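> My structure is in data_13.csv, and what it holds is CSV, N, CA and C atoms and all ligand atoms:
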chain,number,residue,atom,x,y,z
A,1,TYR,N,0.8,-1.2,0.0
A,1,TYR,CA,0.0,0.0,0.0
A,1,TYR,C,0.9,1.3,0.0
A,2,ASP,N,2.1,1.2,0.4
A,2,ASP,CA,3.0,2.4,0.6
A,2,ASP,C,3.5,2.9,-0.7
A,3,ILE,N,3.0,4.1,-1.1
A,3,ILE,CA,3.4,4.8,-2.3
A,3,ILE,C,4.9,5.3,-2.3
A,4,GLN,N,5.4,5.5,-1.1
A,4,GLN,CA,6.8,6.0,-0.9
A,4,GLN,C,7.9,4.9,-0.7
A,5,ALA,N,7.4,3.6,-0.5
A,5,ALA,CA,8.4,2.6,-0.1
A,5,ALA,C,9.5,2.3,-1.1
A,6,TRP,N,9.2,2.6,-2.4
A,6,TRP,CA,10.2,2.3,-3.4
A,6,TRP,C,11.5,3.0,-3.2
A,7,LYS,N,11.5,4.2,-2.6
A,7,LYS,CA,12.8,4.9,-2.5
A,7,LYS,C,13.8,4.2,-1.6
A,8,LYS,N,13.5,3.8,-0.4
A,8,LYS,CA,14.4,3.1,0.4
A,8,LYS,C,14.7,1.7,-0.2
A,9,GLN,N,13.8,1.1,-0.9
A,9,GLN,CA,14.0,-0.2,-1.6
A,9,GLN,C,15.1,0.0,-2.6
A,10,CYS,N,15.0,1.1,-3.4
A,10,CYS,CA,16.0,1.5,-4.4
A,10,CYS,C,17.4,1.8,-3.8
A,11,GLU,N,17.4,2.5,-2.6
A,11,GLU,CA,18.6,2.8,-1.9
A,11,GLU,C,19.3,1.5,-1.5
A,12,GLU,N,18.6,0.5,-1.0
A,12,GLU,CA,19.1,-0.7,-0.6
A,12,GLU,C,19.6,-1.5,-1.8
A,13,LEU,N,18.9,-1.5,-2.9
A,13,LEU,CA,19.4,-2.2,-4.1
A,13,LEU,C,20.6,-1.6,-4.6
A,14,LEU,N,20.7,-0.2,-4.6
A,14,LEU,CA,21.9,0.5,-5.1
A,14,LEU,C,23.1,0.1,-4.1
A,15,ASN,N,22.9,0.0,-2.8
A,15,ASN,CA,23.9,-0.5,-1.9
A,15,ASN,C,24.4,-1.9,-2.3
A,16,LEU,N,23.5,-2.8,-2.6
A,16,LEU,CA,23.9,-4.1,-3.1
A,16,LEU,C,24.7,-4.0,-4.3
A,17,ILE,N,24.3,-3.2,-5.3
A,17,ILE,CA,25.0,-3.1,-6.6
A,17,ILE,C,26.4,-2.5,-6.3
A,18,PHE,N,26.6,-1.5,-5.5
A,18,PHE,CA,27.9,-1.0,-5.2
A,18,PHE,C,28.8,-2.0,-4.5
A,19,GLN,N,28.2,-3.0,-3.7
A,19,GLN,CA,29.0,-4.1,-3.1
A,19,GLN,C,29.5,-5.1,-4.1
A,20,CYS,N,28.7,-5.3,-5.3
A,20,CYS,CA,29.0,-6.2,-6.4
A,20,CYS,C,30.3,-5.8,-7.1
A,21,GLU,N,31.2,-6.7,-7.3
A,21,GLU,CA,32.4,-6.4,-8.0
A,21,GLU,C,32.1,-6.1,-9.5
A,22,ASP,N,31.0,-6.7,-10.0
A,22,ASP,CA,30.6,-6.4,-11.4
A,22,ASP,C,30.2,-5.0,-11.6
A,23,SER,N,29.9,-4.2,-10.6
A,23,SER,CA,29.5,-2.8,-10.8
A,23,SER,C,30.7,-1.9,-10.9
A,24,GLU,N,31.9,-2.3,-10.7
A,24,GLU,CA,33.1,-1.4,-10.6
A,24,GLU,C,33.2,-0.5,-11.9
A,25,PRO,N,33.0,-1.0,-13.1
A,25,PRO,CA,33.2,-0.2,-14.3
A,25,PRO,C,32.1,0.9,-14.4
A,26,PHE,N,31.0,0.7,-13.6
A,26,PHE,CA,29.8,1.5,-13.8
A,26,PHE,C,29.5,2.4,-12.6
A,27,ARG,N,30.4,2.5,-11.6
A,27,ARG,CA,30.2,3.3,-10.4
A,27,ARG,C,30.3,4.8,-10.6
A,28,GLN,N,31.1,5.2,-11.6
A,28,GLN,CA,31.3,6.6,-11.8
A,28,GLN,C,31.3,6.8,-13.3
A,29,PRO,N,31.1,8.1,-13.8
A,29,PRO,CA,31.0,8.3,-15.2
A,29,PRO,C,32.2,7.7,-16.0
A,30,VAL,N,32.0,7.2,-17.2
A,30,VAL,CA,33.1,6.7,-18.1
A,30,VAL,C,34.1,7.8,-18.2
A,31,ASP,N,35.4,7.5,-18.0
A,31,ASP,CA,36.5,8.5,-18.1
A,31,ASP,C,36.8,8.8,-19.6
A,32,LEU,N,36.5,10.0,-20.0
A,32,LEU,CA,36.7,10.4,-21.4
A,32,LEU,C,38.2,10.5,-21.8
A,33,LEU,N,39.1,10.5,-20.8
A,33,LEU,CA,40.6,10.4,-21.1
A,33,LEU,C,41.0,9.0,-21.4
A,34,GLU,N,40.3,8.0,-20.8
A,34,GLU,CA,40.6,6.6,-21.0
A,34,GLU,C,39.9,6.2,-22.4
A,35,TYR,N,38.7,6.8,-22.7
A,35,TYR,CA,37.9,6.4,-23.9
A,35,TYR,C,37.5,7.7,-24.6
A,36,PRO,N,38.5,8.2,-25.4
A,36,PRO,CA,38.3,9.5,-26.1
A,36,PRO,C,37.1,9.7,-27.0
A,37,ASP,N,36.7,8.6,-27.6
A,37,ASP,CA,35.6,8.6,-28.6
A,37,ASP,C,34.3,8.3,-27.9
A,38,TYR,N,34.2,8.2,-26.6
A,38,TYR,CA,33.0,7.7,-25.9
A,38,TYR,C,31.8,8.5,-26.3
A,39,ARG,N,31.9,9.9,-26.3
A,39,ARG,CA,30.7,10.7,-26.7
A,39,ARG,C,30.4,10.7,-28.2
A,40,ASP,N,31.2,10.2,-29.0
A,40,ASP,CA,30.9,10.0,-30.4
A,40,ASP,C,29.8,8.9,-30.6
A,41,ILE,N,29.8,8.0,-29.6
A,41,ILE,CA,29.0,6.8,-29.7
A,41,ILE,C,27.8,6.9,-28.7
A,42,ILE,N,28.0,7.5,-27.6
A,42,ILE,CA,27.1,7.6,-26.5
A,42,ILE,C,26.6,9.0,-26.3
A,43,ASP,N,25.2,9.2,-26.5
A,43,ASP,CA,24.6,10.5,-26.3
A,43,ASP,C,24.4,10.9,-24.9
A,44,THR,N,24.0,9.9,-24.1
A,44,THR,CA,23.6,10.2,-22.7
A,44,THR,C,24.3,9.3,-21.8
A,45,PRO,N,25.5,9.7,-21.3
A,45,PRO,CA,26.2,8.9,-20.3
A,45,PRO,C,25.4,8.7,-19.0
A,46,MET,N,25.6,7.6,-18.4
A,46,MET,CA,24.9,7.3,-17.1
A,46,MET,C,25.7,6.4,-16.3
A,47,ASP,N,25.7,6.5,-15.0
A,47,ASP,CA,26.4,5.6,-14.1
A,47,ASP,C,25.7,5.5,-12.7
A,48,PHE,N,26.1,4.6,-11.9
A,48,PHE,CA,25.4,4.4,-10.6
A,48,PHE,C,25.5,5.5,-9.6
A,49,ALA,N,26.7,6.2,-9.6
A,49,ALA,CA,26.8,7.3,-8.6
A,49,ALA,C,25.8,8.4,-9.0
A,50,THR,N,25.6,8.6,-10.4
A,50,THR,CA,24.6,9.6,-10.8
A,50,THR,C,23.2,9.2,-10.4
A,51,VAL,N,22.9,7.9,-10.6
A,51,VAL,CA,21.6,7.4,-10.2
A,51,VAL,C,21.4,7.6,-8.7
A,52,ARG,N,22.3,7.2,-7.9
A,52,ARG,CA,22.2,7.4,-6.4
A,52,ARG,C,22.0,8.8,-6.1
A,53,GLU,N,22.8,9.7,-6.7
A,53,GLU,CA,22.7,11.2,-6.4
A,53,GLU,C,21.3,11.7,-6.8
A,54,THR,N,20.8,11.3,-7.9
A,54,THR,CA,19.5,11.7,-8.4
A,54,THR,C,18.4,11.3,-7.4
A,55,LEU,N,18.5,10.1,-6.9
A,55,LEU,CA,17.6,9.5,-6.0
A,55,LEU,C,17.7,10.3,-4.6
A,56,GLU,N,18.9,10.5,-4.1
A,56,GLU,CA,19.1,11.2,-2.9
A,56,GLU,C,18.7,12.7,-2.9
A,57,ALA,N,18.8,13.3,-4.1
A,57,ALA,CA,18.4,14.7,-4.3
A,57,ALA,C,16.8,14.8,-4.3
A,58,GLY,N,16.1,13.7,-4.4
A,58,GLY,CA,14.6,13.8,-4.5
A,58,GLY,C,14.3,14.2,-5.9
A,59,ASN,N,15.1,13.7,-6.9
A,59,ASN,CA,14.8,14.0,-8.3
A,59,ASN,C,14.3,12.9,-9.2
A,60,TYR,N,13.9,11.8,-8.5
A,60,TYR,CA,13.1,10.7,-9.1
A,60,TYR,C,11.7,10.8,-8.5
A,61,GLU,N,10.7,10.8,-9.4
A,61,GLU,CA,9.3,10.7,-8.9
A,61,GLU,C,8.8,9.3,-8.6
A,62,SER,N,9.4,8.3,-9.4
A,62,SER,CA,8.9,6.9,-9.3
A,62,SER,C,10.1,6.0,-9.6
A,63,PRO,N,10.0,4.7,-9.2
A,63,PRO,CA,11.0,3.7,-9.5
A,63,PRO,C,11.2,3.5,-10.9
A,64,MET,N,10.1,3.7,-11.8
A,64,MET,CA,10.2,3.6,-13.2
A,64,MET,C,11.3,4.5,-13.8
A,65,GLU,N,11.4,5.7,-13.3
A,65,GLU,CA,12.4,6.7,-13.7
A,65,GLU,C,13.8,6.2,-13.4
A,66,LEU,N,13.9,5.7,-12.2
A,66,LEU,CA,15.3,5.2,-11.8
A,66,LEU,C,15.6,4.0,-12.6
A,67,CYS,N,14.7,3.1,-12.9
A,67,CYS,CA,14.9,1.9,-13.7
A,67,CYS,C,15.3,2.3,-15.1
A,68,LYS,N,14.7,3.4,-15.7
A,68,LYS,CA,15.1,3.9,-17.1
A,68,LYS,C,16.6,4.3,-17.1
A,69,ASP,N,17.0,5.0,-16.0
A,69,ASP,CA,18.4,5.4,-16.0
A,69,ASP,C,19.4,4.2,-15.8
A,70,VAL,N,19.0,3.3,-14.9
A,70,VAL,CA,19.8,2.1,-14.7
A,70,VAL,C,19.9,1.3,-16.0
A,71,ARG,N,18.8,1.2,-16.7
A,71,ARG,CA,18.8,0.4,-18.0
A,71,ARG,C,19.7,1.2,-19.0
A,72,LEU,N,19.8,2.5,-19.0
A,72,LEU,CA,20.6,3.3,-19.8
A,72,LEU,C,22.1,3.0,-19.6
A,73,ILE,N,22.5,2.7,-18.3
A,73,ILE,CA,23.9,2.3,-18.0
A,73,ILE,C,24.2,1.0,-18.9
A,74,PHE,N,23.3,0.1,-18.9
A,74,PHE,CA,23.5,-1.2,-19.6
A,74,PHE,C,23.5,-1.0,-21.1
A,75,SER,N,22.5,-0.2,-21.6
A,75,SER,CA,22.5,0.0,-23.0
A,75,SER,C,23.7,0.7,-23.5
A,76,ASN,N,24.2,1.7,-22.8
A,76,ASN,CA,25.4,2.4,-23.1
A,76,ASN,C,26.6,1.4,-23.2
A,77,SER,N,26.7,0.5,-22.3
A,77,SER,CA,27.8,-0.5,-22.3
A,77,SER,C,27.6,-1.4,-23.6
A,78,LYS,N,26.4,-1.8,-23.9
A,78,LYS,CA,26.2,-2.6,-25.1
A,78,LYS,C,26.5,-1.9,-26.4
A,79,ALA,N,26.2,-0.6,-26.4
A,79,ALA,CA,26.5,0.2,-27.6
A,79,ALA,C,28.0,0.5,-27.8
A,80,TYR,N,28.7,0.7,-26.6
A,80,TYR,CA,30.1,1.0,-26.7
A,80,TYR,C,31.0,-0.2,-26.9
A,81,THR,N,30.6,-1.4,-26.5
A,81,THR,CA,31.4,-2.5,-26.6
A,81,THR,C,31.9,-2.9,-28.0
A,82,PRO,N,33.2,-3.1,-28.2
A,82,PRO,CA,33.6,-3.5,-29.5
A,82,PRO,C,33.3,-5.0,-29.8
A,83,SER,N,32.9,-5.8,-28.7
A,83,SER,CA,32.6,-7.2,-28.8
A,83,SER,C,31.6,-7.6,-27.8
A,84,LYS,N,30.8,-8.6,-28.1
A,84,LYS,CA,29.8,-9.1,-27.2
A,84,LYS,C,30.5,-10.0,-26.1
A,85,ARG,N,31.8,-10.3,-26.3
A,85,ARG,CA,32.6,-11.1,-25.4
A,85,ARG,C,33.6,-10.2,-24.6
A,86,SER,N,33.5,-8.9,-24.6
A,86,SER,CA,34.3,-8.0,-23.9
A,86,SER,C,34.1,-8.2,-22.4
A,87,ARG,N,35.2,-7.9,-21.6
A,87,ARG,CA,35.1,-8.1,-20.1
A,87,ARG,C,34.0,-7.1,-19.5
A,88,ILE,N,34.1,-5.8,-19.9
A,88,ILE,CA,33.2,-4.8,-19.2
A,88,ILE,C,31.7,-5.1,-19.6
A,89,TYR,N,31.5,-5.4,-20.9
A,89,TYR,CA,30.1,-5.8,-21.4
A,89,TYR,C,29.6,-7.0,-20.7
A,90,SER,N,30.5,-8.0,-20.5
A,90,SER,CA,30.0,-9.3,-19.8
A,90,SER,C,29.6,-9.0,-18.4
A,91,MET,N,30.4,-8.1,-17.7
A,91,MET,CA,30.0,-7.7,-16.4
A,91,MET,C,28.7,-6.9,-16.4
A,92,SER,N,28.4,-6.1,-17.4
A,92,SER,CA,27.1,-5.4,-17.5
A,92,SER,C,26.0,-6.4,-17.6
A,93,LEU,N,26.2,-7.5,-18.3
A,93,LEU,CA,25.0,-8.5,-18.5
A,93,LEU,C,24.7,-9.1,-17.2
A,94,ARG,N,25.7,-9.5,-16.4
A,94,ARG,CA,25.5,-10.1,-15.1
A,94,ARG,C,24.8,-9.2,-14.1
A,95,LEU,N,25.3,-7.9,-14.1
A,95,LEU,CA,24.8,-6.9,-13.3
A,95,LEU,C,23.4,-6.6,-13.6
A,96,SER,N,23.0,-6.6,-14.9
A,96,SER,CA,21.7,-6.3,-15.4
A,96,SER,C,20.8,-7.4,-14.9
A,97,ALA,N,21.2,-8.7,-15.0
A,97,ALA,CA,20.3,-9.7,-14.6
A,97,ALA,C,20.0,-9.6,-13.1
A,98,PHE,N,21.0,-9.2,-12.3
A,98,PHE,CA,20.9,-9.1,-10.8
A,98,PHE,C,19.9,-7.9,-10.6
A,99,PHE,N,20.1,-6.8,-11.3
A,99,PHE,CA,19.2,-5.6,-11.1
A,99,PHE,C,17.8,-6.0,-11.5
A,100,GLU,N,17.6,-6.6,-12.6
A,100,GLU,CA,16.2,-6.9,-13.1
A,100,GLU,C,15.5,-7.8,-12.1
A,101,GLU,N,16.3,-8.8,-11.5
A,101,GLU,CA,15.7,-9.8,-10.6
A,101,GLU,C,15.2,-9.1,-9.3
A,102,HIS,N,15.9,-8.0,-8.9
A,102,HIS,CA,15.6,-7.3,-7.7
A,102,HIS,C,14.6,-6.1,-7.9
A,103,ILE,N,14.7,-5.5,-9.1
A,103,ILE,CA,13.8,-4.3,-9.3
A,103,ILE,C,12.3,-4.7,-9.6
A,104,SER,N,12.1,-5.9,-10.0
A,104,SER,CA,10.8,-6.4,-10.4
A,104,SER,C,9.7,-6.2,-9.3
A,105,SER,N,10.0,-6.6,-8.1
A,105,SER,CA,9.0,-6.4,-7.0
A,105,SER,C,8.9,-5.0,-6.6
A,106,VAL,N,10.0,-4.2,-6.7
A,106,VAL,CA,9.9,-2.8,-6.4
A,106,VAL,C,8.9,-2.1,-7.3
A,107,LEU,N,9.0,-2.4,-8.6
A,107,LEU,CA,8.0,-1.8,-9.6
A,107,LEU,C,6.6,-2.3,-9.4
A,108,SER,N,6.5,-3.6,-9.1
A,108,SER,CA,5.2,-4.2,-9.0
A,108,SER,C,4.5,-3.6,-7.7
A,109,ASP,N,5.2,-3.5,-6.6
A,109,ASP,CA,4.6,-2.9,-5.4
A,109,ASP,C,4.2,-1.5,-5.5
A,110,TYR,N,5.1,-0.7,-6.2
A,110,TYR,CA,4.8,0.7,-6.4
A,110,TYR,C,3.5,0.9,-7.3
A,111,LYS,N,3.5,0.1,-8.4
A,111,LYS,CA,2.3,0.3,-9.3
A,111,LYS,C,1.0,-0.2,-8.6
A,112,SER,N,1.1,-1.2,-7.8
A,112,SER,CA,-0.1,-1.7,-7.1
A,112,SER,C,-0.5,-0.7,-6.0
A,113,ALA,N,0.5,-0.1,-5.3
A,113,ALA,CA,0.2,1.0,-4.3
A,113,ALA,C,-0.5,2.2,-5.0
A,114,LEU,N,0.0,2.6,-6.2
A,114,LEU,CA,-0.6,3.7,-6.8
A,114,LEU,C,-2.0,3.4,-7.3
A,115,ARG,N,-2.2,2.1,-7.8
A,115,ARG,CA,-3.6,1.7,-8.2
A,115,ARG,C,-4.5,1.8,-7.0
A,116,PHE,N,-4.1,1.3,-5.9
A,116,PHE,CA,-4.9,1.4,-4.7
A,116,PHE,C,-5.2,2.8,-4.3
A,117,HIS,N,-4.2,3.7,-4.4
A,117,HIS,CA,-4.4,5.1,-4.1
A,117,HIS,C,-5.5,5.8,-4.9
A,118,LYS,N,-5.5,5.4,-6.2
A,118,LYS,CA,-6.5,5.9,-7.2
A,118,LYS,C,-7.7,5.1,-7.4
A,119,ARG,N,-8.0,4.1,-6.5
A,119,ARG,CA,-9.1,3.2,-6.7
A,119,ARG,C,-10.5,4.0,-6.6
B,201,LIG,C1,31.8,-1.8,-22.7
B,201,LIG,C2,31.9,-0.4,-22.0
B,201,LIG,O1,31.0,0.0,-21.4
B,201,LIG,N1,33.1,0.2,-22.1
B,201,LIG,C3,33.4,1.5,-21.5
B,201,LIG,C4,33.5,1.5,-20.0
B,201,LIG,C5,34.7,1.4,-19.3
B,201,LIG,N2,34.3,1.4,-18.0
B,201,LIG,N3,33.0,1.5,-17.8
B,201,LIG,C6,32.5,1.5,-19.0
Represent the structure contained in this file as structure tokens.

Amino acid sequence: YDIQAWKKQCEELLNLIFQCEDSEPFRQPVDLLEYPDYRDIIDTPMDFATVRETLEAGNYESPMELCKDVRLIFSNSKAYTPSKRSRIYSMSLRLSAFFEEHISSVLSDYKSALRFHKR
């Protein structure tokens, strides 16, 4: 029933993601000195520290908005990878599976709480 519960649930899931070794390439913005052509390929950079800061600033209205930015981290990795067998891209796929497994109930609970509110 709780329309606000998603926020702390997302904070806890972000804490788990930061503990995951697979998140290391995605914890901070991609370094443009390390990858000079990054912005030629990627229009909208995204990373987990930016997601956490947006959440903590009260700049997400719903977990769907947070989920769209997290999914953008993964699609950027897929777009930038020179190979589907690359190390960083392979880490992104495992991390994506972990994220999707955990975000599912957060989204379902939120949508059901909002439907109850508007009943
Ligand atoms: C496949 C890919 O995303 N390469 C760029 C990168 C390097 N560290 N984090 C991202």
> Find the spatial neighbours of segment 26-42 of chain A, counting only N, CA and C atoms, within a cut-off of 6.5 Å - ignore same-chain residues fewer than 6 positions away - and output them as an MDAnalysis selection string.
chainID A and resid 48:50 76 79
> Please identify every polymer residue within 5 Å of ligand LIG 201 (chain B), using all atoms listed in the file, and present the set as a list in words.
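Taking all atoms listed in the file into account, the residues around ligand LIG 201 (chain B) at most 5 Å away are residues 25, 26, 76, 77, 80, 81, 88 and 89 of chain A.
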> Between atom CA of residue 114 of chain A and atom CA of residue 3 of chain A, what distance in Å does the model show, to one decimal?
6.1 Å
> Ranking A:60, A:116, A:74, A:1 by minimum distance to residue 94 of chain A and counting only C-alpha atoms, which one comes first?
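Checking each of A:60, A:116, A:74, A:1 against residue 94 of chain A, counting only C-alpha atoms, the winner is A:74.
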> What is the atom CA of residue 86 of chain A-atom CA of residue 19 of chain A distance in Å, reported with one decimal?
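According to the coordinates, atom CA of residue 86 of chain A and atom CA of residue 19 of chain A are separated by 21.8 Å.
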> Find, counting only C-alpha atoms, the residue in A:46, A:107, A:64, A:55 that gets nearest to residue 8 of chain A.
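Ranking A:46, A:107, A:64, A:55 by distance to residue 8 of chain A, first place goes to A:55.
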